[PDB]
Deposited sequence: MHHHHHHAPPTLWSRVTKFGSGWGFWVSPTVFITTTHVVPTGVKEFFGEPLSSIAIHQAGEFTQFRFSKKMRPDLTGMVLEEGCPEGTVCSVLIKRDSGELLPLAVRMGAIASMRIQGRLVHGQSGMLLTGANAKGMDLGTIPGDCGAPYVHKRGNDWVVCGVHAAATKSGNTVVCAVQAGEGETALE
């Protein structure tokens, strides 16, 4: 059961969503980042450190954007078989945590782009608007985030999260 504070890290961004890993670090999927804009969350692009690879994008800000938060562990994907939750927020405001059994980390070619991703089997599916929603799982006491939603098959049964380099 994801607690409210964890949901409150999921943030509307561009054509999808992103996730506050910490008071200063925001992650999303590269292709939802809005093109040709000059500020994010009221900060000039000059003030933001941006690291982007394989459809994973990380923003690092120069001040605490979300001081109410603590830092949580960000992993490069998770072990195969791990059951994650995709913390989906819909435009209506509905919360939709989807259980996913994760498979292998792999390079993948999706609509011609290189994705450094991890596929999973949905155990209710994902829609075009859901990209950037975090894949998390609870490690003992703490929550770990390990990817951001990037793609799904036409069936919808298989989902892909982009993961850190």
{"item": "Where the deposited sequence has no C-alpha coordinates (positions from 1, in order)", "value": "1-6, 130-138, 181-188"}
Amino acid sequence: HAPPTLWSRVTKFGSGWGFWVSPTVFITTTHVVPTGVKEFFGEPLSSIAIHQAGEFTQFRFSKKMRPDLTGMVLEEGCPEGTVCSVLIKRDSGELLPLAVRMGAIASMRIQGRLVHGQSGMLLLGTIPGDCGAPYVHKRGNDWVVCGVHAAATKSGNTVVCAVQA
From here on, numbers count along this sequence of modelled residues.
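Throughout, rigid core stands for the largest set of C-alpha atoms superposing within 1.5 Å between the two forms.
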{"query": "Stretch farther from the shown model on average in 8 other deposited structures of this protein, with CA RMS computed after core superposition (65-73, 126-134)", "finding": "126-134"}
{"query": "Divergent stretch in 8 other deposited structures of this protein, 147-155 or 13-21 [C-alpha RMS, superposed by the core]", "finding": "147-155"}
{"query": "Entry-level comparison of average CA B-factors, 109-117 and 24-32, reporting the higher stretch", "finding": "109-117"}
{"query": "Of 49-57 and 92-100, the stretch whose C-alpha atoms average the higher B-factor in the entry", "finding": "49-57"}
{"query": "Peak C-alpha temperature factor (PDB record), options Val136, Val37, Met65, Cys131", "finding": "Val37"}
{"query": "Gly18 - Cα temperature factor, lowest/middle/highest third of chain", "finding": "lowest"}
{"query": "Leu87 - which third its CA temperature factor falls in, relative to the rest of the chain", "finding": "lowest"}
{"query": "Assigned third (lowest, middle, highest) for the C-alpha B factor of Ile127", "finding": "lowest"}
{"query": "Modelled-residue ranking by C-alpha temperature factor, third containing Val160", "finding": "lowest"}
